[PDB]
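Undergrad: just the structure for this:
(3 chains)
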Amino acid sequence: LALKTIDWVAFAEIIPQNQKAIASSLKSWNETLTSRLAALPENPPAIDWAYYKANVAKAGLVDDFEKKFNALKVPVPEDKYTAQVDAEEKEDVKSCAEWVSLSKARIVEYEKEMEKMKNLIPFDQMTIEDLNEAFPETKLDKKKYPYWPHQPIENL
Amino acid sequence: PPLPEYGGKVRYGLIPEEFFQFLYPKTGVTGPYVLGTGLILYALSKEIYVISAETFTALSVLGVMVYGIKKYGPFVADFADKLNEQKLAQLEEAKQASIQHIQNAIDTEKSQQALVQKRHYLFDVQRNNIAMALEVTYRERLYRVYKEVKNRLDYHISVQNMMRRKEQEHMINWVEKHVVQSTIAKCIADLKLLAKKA
Amino acid sequence: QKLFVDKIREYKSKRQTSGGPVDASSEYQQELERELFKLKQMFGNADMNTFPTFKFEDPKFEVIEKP
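TA: Numbers count the residues shown, from 1 in each chain, chains lettered A, B, ... in the order given. Take a look:
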């Protein structure tokens, strides 16, 4: 009995919106199957023979029934389903690893940028060029309005 | 390159304090006033400075301008400093807001990391369902086989016992309806039992 | 003792059934047939005197990976 305990809201967080129905069906399946497994014990109570040895006056019917039962090996079904989901898991892990590395790169870059902004020049000592380089939103569009004051008059 | 705080310490808006301290060790508090009055009396007397309507004018203008500064000076001063401090506060708020924006971006990316880390519950749920379904099918098979074998066994023992019942009841009814057809000896026994009344 | 002579003689006559498969029953078959009929077609319909055979079904399954 190899089961993996699970959160469920953590499951709910990681369902891309294209397949919420499939996943919800899977959750329902999980719970109904758990109940079904609880709905019956592990192994059947094997029939004793004495109660039928001393009661079934039929010749060799009880005997050969018991024996062919002993001579019966119920086919334990093999999955062939798990290995492929394992491979799918593998690929997903790879994609998540590359995505997360890219995100860590973006993260350290944001960090460097924030640190630049953190090491600012005291504003009173700051030439307009340093304000410009600190915020491109403080840069006159000398291209689109080439004459003074290079911006909408009313905007002043 | 910052601005030095203050100006030059001019006096009357016409003479800087450098001149007064310049003369201080030589004639001190009586130097400049005397030099000024002497020079002005000179320029008056020797027809150096002509007195005409221009005096009327320039005195009116000096008067207007002295009243002007002395009245509306503080207002323009504090308006200037208003403009400066306001621009400064606005720049500080732009800075803080940008810092906070990028910090939010960082924390959101970290959240992305946490979730895509959490991802694997999907695959372990799939695994769980697989194994559970398999063992369910197996146990169902075992109970199927035990059920069918028990069913055949019961069936046989049941028909056996039912035949036992039917034959037994038929036998007892046979013997009752058969003994009937079969001596005053019983009558003598009746008189004996009655004699046993007491 | 009437019923005691009855008991002994009738018991010795009843144990005398080695020759009688239903000991001079001569009837009650008309209902015995349908009785065991009911009992059978209530327990089942197949040959309930031979060993049980077994088919085994297998589960349904799906595409599970991201589509």
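Undergrad: any idea what sits nearest residue 2, other than its immediate chain neighbours?
TA: The chain I'm using is chain A. Ranked by Cβ to Cβ, 6 or more residues apart in numbering or on different chains and with sequence neighbours excluded, the top spatial neighbour of residue A:2 is residue B:131, at 6.1 Å. Where you see a C-beta, it was placed from the backbone N, CA and C, and this is true even at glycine.
Undergrad: that's the other chain; I wanted chain B
TA: Take residue B:2 and drop its neighbours on the chain: the residue closest to it by Cβ to Cβ, 6+ apart is residue A:125, 5.2 Å away.
Undergrad: got the domain boundaries for chain A?
TA: A:1-40, A:47-73, A:93-156 (automatic domain parsing).
Undergrad: residue A:82 contacts residue B:127, doesn't it?
TA: Yes: here residue A:82 lies in contact with residue B:127, judged by Cβ atoms under 8 Å, at a distance of 6.3 Å.
Undergrad: which bits of chain A sit near chain C?
TA: By Cβ under 8 Å from any Cβ of the partner chain, the residues of chain A that approach chain C are A:16, A:18-19, A:22, A:61, A:64-65, A:68, A:72, A:74-75, A:77, A:81, A:85, A:88, A:92.
Undergrad: try it again at 7 Å.
TA: By Cβ under 7 Å from any Cβ of the partner chain, the residues of chain A that approach chain C are A:19, A:61, A:64, A:65, A:68, A:75, A:77, A:81, A:85, A:88.
Undergrad: that older thread, reformat the domains of chain A as TSV; add distance to residue B:61 and mean neighbour count.
TA: Supplementary listing: the domains of chain A in TSV, determined by distance: least, Cβ to Cβ, whole Å; neighbours: other Cβ atoms under 10 Å in any protein chain shown:
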stretch	distance to residue B:61	mean neighbour count
domain A:1-40	80	12
domain A:47-73	124	13
domain A:93-156	34	11
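Undergrad: format those domains as TSV; extra columns: distance to residue B:91.
TA: Converted to TSV, these look like this (distance: least, Cβ to Cβ, whole Å):
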stretch	distance to residue B:91
domain A:1-40	40
domain A:47-73	84
domain A:93-156	5
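Undergrad: just to revisit the earlier point, between residue A:82 and residue B:127, tell me which one has more neighbours.
TA: When neighbours are counted by other Cβ atoms under 10 Å in any protein chain shown, residue B:127 comes out ahead of the other of residue A:82 and residue B:127, with 19 against 15.
Undergrad: show me which of the residues of chain A next to chain C is closest to residue B:153.
TA: Taking Cβ to Cβ as the measure, residue B:153 lies nearest residue A:65 of these, at 6.9 Å.
Undergrad: what's next to the helix or strand the closest one falls within, contact-wise?
TA: Assigning secondary structure by DSSP states H and E places residue A:65 in helix A:61-70. The set of residues external to helix A:61-70 that reach it, using Cβ atoms under 7 Å, 6 or more residues apart in numbering or on different chains, is A:49, A:52, A:53, A:56, B:149, B:152, B:153, B:156, C:49, C:51.
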